[PDB]
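Next up, final-v4.pdb (PDB, N, CA and C atoms):
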```
ATOM      1  N   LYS A  13     101.000 128.582 110.300  1.00  0.00           N
ATOM      2  CA  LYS A  13      99.868 127.932 109.582  1.00  0.00           C
ATOM      3  C   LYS A  13      99.881 126.429 109.869  1.00  0.00           C
ATOM      4  N   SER A  14     101.038 125.861 110.069  1.00  0.00           N
ATOM      5  CA  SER A  14     101.106 124.401 110.361  1.00  0.00           C
ATOM      6  C   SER A  14     100.762 124.173 111.834  1.00  0.00           C
ATOM      7  N   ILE A  15     100.375 122.976 112.187  1.00  0.00           N
ATOM      8  CA  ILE A  15     100.036 122.672 113.611  1.00  0.00           C
ATOM      9  C   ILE A  15     100.728 121.373 114.023  1.00  0.00           C
ATOM     10  N   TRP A  16     101.414 121.388 115.135  1.00  0.00           N
ATOM     11  CA  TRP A  16     102.119 120.161 115.613  1.00  0.00           C
ATOM     12  C   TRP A  16     101.945 120.075 117.134  1.00  0.00           C
ATOM     13  N   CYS A  17     101.544 118.932 117.640  1.00  0.00           N
ATOM     14  CA  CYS A  17     101.339 118.778 119.121  1.00  0.00           C
ATOM     15  C   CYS A  17     102.063 117.526 119.623  1.00  0.00           C
ATOM     16  N   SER A  18     102.650 117.597 120.789  1.00  0.00           N
ATOM     17  CA  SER A  18     103.376 116.418 121.346  1.00  0.00           C
ATOM     18  C   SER A  18     102.357 115.370 121.829  1.00  0.00           C
ATOM     19  N   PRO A  19     102.770 114.127 121.932  1.00  0.00           N
ATOM     20  CA  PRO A  19     101.882 113.013 122.395  1.00  0.00           C
ATOM     21  C   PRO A  19     101.289 113.269 123.791  1.00  0.00           C
ATOM     22  N   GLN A  20     101.957 114.035 124.611  1.00  0.00           N
ATOM     23  CA  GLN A  20     101.423 114.290 125.976  1.00  0.00           C
ATOM     24  C   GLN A  20     100.054 114.956 125.851  1.00  0.00           C
ATOM     25  N   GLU A  21      99.938 115.916 124.981  1.00  0.00           N
ATOM     26  CA  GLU A  21      98.628 116.592 124.792  1.00  0.00           C
ATOM     27  C   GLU A  21      97.641 115.610 124.155  1.00  0.00           C
ATOM     28  N   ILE A  22      98.098 114.826 123.217  1.00  0.00           N
ATOM     29  CA  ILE A  22      97.182 113.867 122.536  1.00  0.00           C
ATOM     30  C   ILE A  22      96.751 112.757 123.502  1.00  0.00           C
ATOM     31  N   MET A  23      97.682 112.065 124.113  1.00  0.00           N
ATOM     32  CA  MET A  23      97.299 110.958 125.037  1.00  0.00           C
ATOM     33  C   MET A  23      96.507 111.506 126.224  1.00  0.00           C
ATOM     34  N   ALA A  24      96.520 112.793 126.431  1.00  0.00           N
ATOM     35  CA  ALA A  24      95.722 113.364 127.551  1.00  0.00           C
ATOM     36  C   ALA A  24      94.275 113.469 127.070  1.00  0.00           C
ATOM     37  N   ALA A  25      94.066 113.183 125.814  1.00  0.00           N
ATOM     38  CA  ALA A  25      92.697 113.244 125.234  1.00  0.00           C
ATOM     39  C   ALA A  25      91.934 111.971 125.601  1.00  0.00           C
ATOM     40  N   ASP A  26      90.735 112.104 126.092  1.00  0.00           N
ATOM     41  CA  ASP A  26      89.948 110.896 126.461  1.00  0.00           C
ATOM     42  C   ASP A  26      89.761 110.035 125.211  1.00  0.00           C
ATOM     43  N   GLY A  27      89.516 110.659 124.093  1.00  0.00           N
ATOM     44  CA  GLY A  27      89.320 109.896 122.830  1.00  0.00           C
ATOM     45  C   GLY A  27      90.549 109.028 122.555  1.00  0.00           C
ATOM     46  N   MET A  28      91.688 109.403 123.088  1.00  0.00           N
ATOM     47  CA  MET A  28      92.941 108.612 122.862  1.00  0.00           C
ATOM     48  C   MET A  28      93.507 108.167 124.218  1.00  0.00           C
ATOM     49  N   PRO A  29      92.966 107.121 124.792  1.00  0.00           N
ATOM     50  CA  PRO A  29      93.422 106.597 126.115  1.00  0.00           C
ATOM     51  C   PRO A  29      94.671 105.727 126.002  1.00  0.00           C
ATOM     52  N   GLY A  30      95.278 105.406 127.114  1.00  0.00           N
ATOM     53  CA  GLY A  30      96.510 104.573 127.093  1.00  0.00           C
ATOM     54  C   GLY A  30      97.706 105.500 127.250  1.00  0.00           C
ATOM     55  N   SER A  31      98.854 104.973 127.545  1.00  0.00           N
ATOM     56  CA  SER A  31     100.036 105.857 127.715  1.00  0.00           C
ATOM     57  C   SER A  31     100.432 106.419 126.357  1.00  0.00           C
ATOM     58  N   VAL A  32     101.576 107.024 126.268  1.00  0.00           N
ATOM     59  CA  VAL A  32     101.994 107.610 124.974  1.00  0.00           C
ATOM     60  C   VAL A  32     102.024 106.511 123.905  1.00  0.00           C
ATOM     61  N   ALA A  33     102.603 105.378 124.193  1.00  0.00           N
ATOM     62  CA  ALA A  33     102.635 104.285 123.176  1.00  0.00           C
ATOM     63  C   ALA A  33     101.202 103.866 122.823  1.00  0.00           C
ATOM     64  N   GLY A  34     100.321 103.794 123.783  1.00  0.00           N
ATOM     65  CA  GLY A  34      98.924 103.385 123.457  1.00  0.00           C
ATOM     66  C   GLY A  34      98.413 104.263 122.316  1.00  0.00           C
ATOM     67  N   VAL A  35      98.728 105.526 122.351  1.00  0.00           N
ATOM     68  CA  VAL A  35      98.289 106.428 121.253  1.00  0.00           C
ATOM     69  C   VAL A  35      98.955 105.957 119.953  1.00  0.00           C
ATOM     70  N   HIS A  36     100.204 105.564 120.026  1.00  0.00           N
ATOM     71  CA  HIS A  36     100.913 105.089 118.799  1.00  0.00           C
ATOM     72  C   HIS A  36     100.172 103.877 118.230  1.00  0.00           C
ATOM     73  N   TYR A  37      99.600 103.069 119.079  1.00  0.00           N
ATOM     74  CA  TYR A  37      98.881 101.866 118.583  1.00  0.00           C
ATOM     75  C   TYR A  37      97.754 102.303 117.649  1.00  0.00           C
ATOM     76  N   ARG A  38      96.968 103.265 118.036  1.00  0.00           N
ATOM     77  CA  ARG A  38      95.877 103.717 117.127  1.00  0.00           C
ATOM     78  C   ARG A  38      96.501 104.334 115.873  1.00  0.00           C
ATOM     79  N   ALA A  39      97.553 105.085 116.048  1.00  0.00           N
ATOM     80  CA  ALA A  39      98.223 105.743 114.888  1.00  0.00           C
ATOM     81  C   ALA A  39      98.986 104.709 114.056  1.00  0.00           C
ATOM     82  N   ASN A  40      98.929 103.459 114.425  1.00  0.00           N
ATOM     83  CA  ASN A  40      99.652 102.425 113.629  1.00  0.00           C
ATOM     84  C   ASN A  40      98.880 102.161 112.327  1.00  0.00           C
ATOM     85  N   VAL A  41      97.578 102.169 112.405  1.00  0.00           N
ATOM     86  CA  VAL A  41      96.742 101.891 111.200  1.00  0.00           C
ATOM     87  C   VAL A  41      96.831 103.041 110.189  1.00  0.00           C
ATOM     88  N   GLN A  42      96.484 104.238 110.580  1.00  0.00           N
ATOM     89  CA  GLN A  42      96.541 105.380 109.618  1.00  0.00           C
ATOM     90  C   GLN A  42      97.973 105.899 109.482  1.00  0.00           C
ATOM     91  N   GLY A  43      98.248 106.595 108.408  1.00  0.00           N
ATOM     92  CA  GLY A  43      99.615 107.146 108.180  1.00  0.00           C
ATOM     93  C   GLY A  43      99.709 108.539 108.802  1.00  0.00           C
ATOM     94  N   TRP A  44      99.690 108.602 110.098  1.00  0.00           N
ATOM     95  CA  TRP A  44      99.774 109.917 110.798  1.00  0.00           C
ATOM     96  C   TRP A  44     101.077 110.628 110.425  1.00  0.00           C
ATOM     97  N   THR A  45     101.055 111.933 110.358  1.00  0.00           N
ATOM     98  CA  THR A  45     102.308 112.672 110.051  1.00  0.00           C
ATOM     99  C   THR A  45     103.153 112.691 111.321  1.00  0.00           C
ATOM    100  N   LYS A  46     104.347 112.159 111.258  1.00  0.00           N
ATOM    101  CA  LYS A  46     105.227 112.111 112.468  1.00  0.00           C
ATOM    102  C   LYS A  46     106.596 112.692 112.126  1.00  0.00           C
ATOM    103  N   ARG A  47     107.258 113.273 113.092  1.00  0.00           N
ATOM    104  CA  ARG A  47     108.614 113.849 112.832  1.00  0.00           C
ATOM    105  C   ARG A  47     109.507 113.589 114.047  1.00  0.00           C
ATOM    106  N   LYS A  48     110.693 113.093 113.813  1.00  0.00           N
ATOM    107  CA  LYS A  48     111.633 112.815 114.935  1.00  0.00           C
ATOM    108  C   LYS A  48     112.502 114.052 115.174  1.00  0.00           C
ATOM    109  N   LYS A  49     112.165 114.860 116.143  1.00  0.00           N
ATOM    110  CA  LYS A  49     112.987 116.074 116.418  1.00  0.00           C
ATOM    111  C   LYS A  49     114.207 115.671 117.255  1.00  0.00           C
ATOM    112  N   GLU A  50     115.268 116.427 117.171  1.00  0.00           N
ATOM    113  CA  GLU A  50     116.509 116.087 117.930  1.00  0.00           C
ATOM    114  C   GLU A  50     116.296 116.252 119.438  1.00  0.00           C
ATOM    115  N   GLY A  51     115.088 116.115 119.906  1.00  0.00           N
ATOM    116  CA  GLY A  51     114.848 116.254 121.376  1.00  0.00           C
ATOM    117  C   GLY A  51     114.816 117.733 121.766  1.00  0.00           C
ATOM    118  N   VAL A  52     113.807 118.150 122.491  1.00  0.00           N
ATOM    119  CA  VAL A  52     113.736 119.579 122.927  1.00  0.00           C
ATOM    120  C   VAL A  52     114.285 119.665 124.353  1.00  0.00           C
ATOM    121  N   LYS A  53     115.514 120.080 124.497  1.00  0.00           N
ATOM    122  CA  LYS A  53     116.112 120.164 125.857  1.00  0.00           C
ATOM    123  C   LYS A  53     115.900 118.829 126.576  1.00  0.00           C
ATOM    124  N   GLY A  54     115.891 117.750 125.843  1.00  0.00           N
ATOM    125  CA  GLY A  54     115.684 116.414 126.472  1.00  0.00           C
ATOM    126  C   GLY A  54     116.298 115.341 125.575  1.00  0.00           C
ATOM    127  N   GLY A  55     115.492 114.473 125.030  1.00  0.00           N
ATOM    128  CA  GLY A  55     116.043 113.412 124.144  1.00  0.00           C
ATOM    129  C   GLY A  55     114.907 112.699 123.410  1.00  0.00           C
ATOM    130  N   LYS A  56     115.022 112.564 122.115  1.00  0.00           N
ATOM    131  CA  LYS A  56     113.965 111.858 121.334  1.00  0.00           C
ATOM    132  C   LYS A  56     112.609 112.574 121.500  1.00  0.00           C
ATOM    133  N   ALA A  57     112.389 113.637 120.762  1.00  0.00           N
ATOM    134  CA  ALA A  57     111.082 114.368 120.849  1.00  0.00           C
ATOM    135  C   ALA A  57     110.234 113.986 119.628  1.00  0.00           C
ATOM    136  N   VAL A  58     108.982 113.647 119.834  1.00  0.00           N
ATOM    137  CA  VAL A  58     108.094 113.235 118.693  1.00  0.00           C
ATOM    138  C   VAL A  58     106.856 114.138 118.636  1.00  0.00           C
ATOM    139  N   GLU A  59     106.449 114.536 117.448  1.00  0.00           N
ATOM    140  CA  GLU A  59     105.241 115.424 117.311  1.00  0.00           C
ATOM    141  C   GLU A  59     104.309 114.886 116.210  1.00  0.00           C
ATOM    142  N   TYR A  60     103.044 115.262 116.256  1.00  0.00           N
ATOM    143  CA  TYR A  60     102.048 114.795 115.231  1.00  0.00           C
ATOM    144  C   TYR A  60     101.294 116.007 114.671  1.00  0.00           C
ATOM    145  N   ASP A  61     100.864 115.950 113.434  1.00  0.00           N
ATOM    146  CA  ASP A  61     100.108 117.109 112.853  1.00  0.00           C
ATOM    147  C   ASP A  61      98.604 116.856 113.005  1.00  0.00           C
ATOM    148  N   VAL A  62      97.930 117.619 113.826  1.00  0.00           N
ATOM    149  CA  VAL A  62      96.461 117.420 114.015  1.00  0.00           C
ATOM    150  C   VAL A  62      95.699 117.805 112.739  1.00  0.00           C
ATOM    151  N   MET A  63      96.267 118.655 111.929  1.00  0.00           N
ATOM    152  CA  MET A  63      95.558 119.100 110.691  1.00  0.00           C
ATOM    153  C   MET A  63      95.484 117.948 109.676  1.00  0.00           C
ATOM    154  N   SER A  64      96.266 116.911 109.855  1.00  0.00           N
ATOM    155  CA  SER A  64      96.229 115.762 108.891  1.00  0.00           C
ATOM    156  C   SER A  64      95.380 114.615 109.457  1.00  0.00           C
ATOM    157  N   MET A  65      94.974 114.703 110.695  1.00  0.00           N
ATOM    158  CA  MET A  65      94.140 113.612 111.283  1.00  0.00           C
ATOM    159  C   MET A  65      92.690 113.770 110.797  1.00  0.00           C
ATOM    160  N   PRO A  66      91.961 112.693 110.599  1.00  0.00           N
ATOM    161  CA  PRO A  66      90.541 112.779 110.158  1.00  0.00           C
ATOM    162  C   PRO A  66      89.788 113.900 110.887  1.00  0.00           C
ATOM    163  N   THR A  67      88.747 114.421 110.297  1.00  0.00           N
ATOM    164  CA  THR A  67      87.978 115.507 110.964  1.00  0.00           C
ATOM    165  C   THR A  67      87.432 114.992 112.298  1.00  0.00           C
ATOM    166  N   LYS A  68      86.976 113.770 112.325  1.00  0.00           N
ATOM    167  CA  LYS A  68      86.417 113.198 113.585  1.00  0.00           C
ATOM    168  C   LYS A  68      87.479 113.298 114.685  1.00  0.00           C
ATOM    169  N   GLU A  69      88.703 112.990 114.358  1.00  0.00           N
ATOM    170  CA  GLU A  69      89.794 113.090 115.363  1.00  0.00           C
ATOM    171  C   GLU A  69      89.954 114.559 115.765  1.00  0.00           C
ATOM    172  N   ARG A  70      89.826 115.445 114.816  1.00  0.00           N
ATOM    173  CA  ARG A  70      89.977 116.899 115.108  1.00  0.00           C
ATOM    174  C   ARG A  70      88.953 117.333 116.163  1.00  0.00           C
ATOM    175  N   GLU A  71      87.748 116.828 116.096  1.00  0.00           N
ATOM    176  CA  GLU A  71      86.723 117.240 117.102  1.00  0.00           C
ATOM    177  C   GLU A  71      87.219 116.870 118.497  1.00  0.00           C
ATOM    178  N   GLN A  72      87.828 115.725 118.629  1.00  0.00           N
ATOM    179  CA  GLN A  72      88.330 115.298 119.968  1.00  0.00           C
ATOM    180  C   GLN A  72      89.390 116.278 120.481  1.00  0.00           C
ATOM    181  N   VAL A  73      90.260 116.756 119.633  1.00  0.00           N
ATOM    182  CA  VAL A  73      91.302 117.709 120.117  1.00  0.00           C
ATOM    183  C   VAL A  73      90.629 119.019 120.526  1.00  0.00           C
ATOM    184  N   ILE A  74      89.801 119.556 119.675  1.00  0.00           N
ATOM    185  CA  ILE A  74      89.106 120.829 120.008  1.00  0.00           C
ATOM    186  C   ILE A  74      88.252 120.622 121.259  1.00  0.00           C
ATOM    187  N   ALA A  75      87.610 119.492 121.360  1.00  0.00           N
ATOM    188  CA  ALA A  75      86.745 119.240 122.541  1.00  0.00           C
ATOM    189  C   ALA A  75      87.580 119.343 123.815  1.00  0.00           C
ATOM    190  N   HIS A  76      88.760 118.784 123.818  1.00  0.00           N
ATOM    191  CA  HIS A  76      89.605 118.865 125.040  1.00  0.00           C
ATOM    192  C   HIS A  76      89.876 120.333 125.356  1.00  0.00           C
ATOM    193  N   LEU A  77      90.137 121.123 124.353  1.00  0.00           N
ATOM    194  CA  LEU A  77      90.396 122.568 124.594  1.00  0.00           C
ATOM    195  C   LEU A  77      89.085 123.232 125.018  1.00  0.00           C
ATOM    196  N   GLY A  78      87.978 122.743 124.528  1.00  0.00           N
ATOM    197  CA  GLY A  78      86.667 123.335 124.907  1.00  0.00           C
ATOM    198  C   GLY A  78      86.444 123.162 126.412  1.00  0.00           C
ATOM    199  N   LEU A  79      87.214 122.316 127.048  1.00  0.00           N
ATOM    200  CA  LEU A  79      87.037 122.113 128.518  1.00  0.00           C
ATOM    201  C   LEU A  79      87.790 123.212 129.273  1.00  0.00           C
ATOM    202  N   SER A  80      88.469 124.082 128.573  1.00  0.00           N
ATOM    203  CA  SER A  80      89.226 125.167 129.267  1.00  0.00           C
ATOM    204  C   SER A  80      89.310 126.408 128.372  1.00  0.00           C
ATOM    205  N   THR A  81      89.411 126.221 127.083  1.00  0.00           N
ATOM    206  CA  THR A  81      89.510 127.389 126.161  1.00  0.00           C
ATOM    207  C   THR A  81      88.969 127.004 124.783  1.00  0.00           C
TER     208      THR A  81
END
```

Representation of the structure as structure tokens:
Amino acid sequence: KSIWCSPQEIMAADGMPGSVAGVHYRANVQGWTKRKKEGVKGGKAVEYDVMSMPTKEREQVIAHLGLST
């Protein structure tokens, strides 16, 4: 029921341009839900909850998927 996506999918969104940190800049103003995972087979893994982002932001995520699914 919960939804969590890594910054790679988010920064790949045209609505959210800039590298991974560039996305953090926009998320600096709003209190985005963030979680520091112990790294997934890597190191320092970060995820965001799209269900907590404004509805307008939600359209941008679905729109990116609408380009393929």

Just list as a ChimeraX atom specification whatever in chain A DSSP marks as strand (DSSP E or B). /A:17,46-49,57-60

Option closest in space to residue 64 in chain A, from A:33, A:15, A:23, A:52 [counting only N, CA and C atoms]: A:15

Run DSSP on the backbone and grab whatever in chain A lands in alpha helix (DSSP H); send it over as number ranges by chain. A: 19-23, 32-41, 67-78

Report the residues retrieved by the PyMOL selection byres ((chain A and resi 14) around 8) from the displayed file, expressed as a list in words.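 Applying the expression gives residues 13, 15, 16, 17, 61, 62 and 63 of chain A.
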
Let me know the residues the PyMOL selection byres (((chain A and resi 45 and name CA) around 6) and name CA) catches in the file above, as a list in words.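 Checking the PyMOL selection byres (((chain A and resi 45 and name CA) around 6) and name CA) against this file, the residues are residues 44, 46, 60 and 61 of chain A.
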
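Taking atom C of residue 78 in chain A and atom C of residue 25 in chain A as endpoints, the distance between them is 12.5 Å.
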
I'd like the neighbourhood of residue 28 in chain A as number ranges by chain, where a residue qualifies if any of its atoms comes within 12 Å (using only C-alpha atoms), though same-chain residues fewer than 2 positions away should be ignored. A: 19-26, 30-39, 69-70, 72-73, 76

Separation of CA of residue 42 in chain A from CA of residue 55 in chain A in Å: 25.6 Å

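If you look at CA of residue 47 in chain A and atom N of residue 59 in chain A, they are 5.1 Å away from each other.
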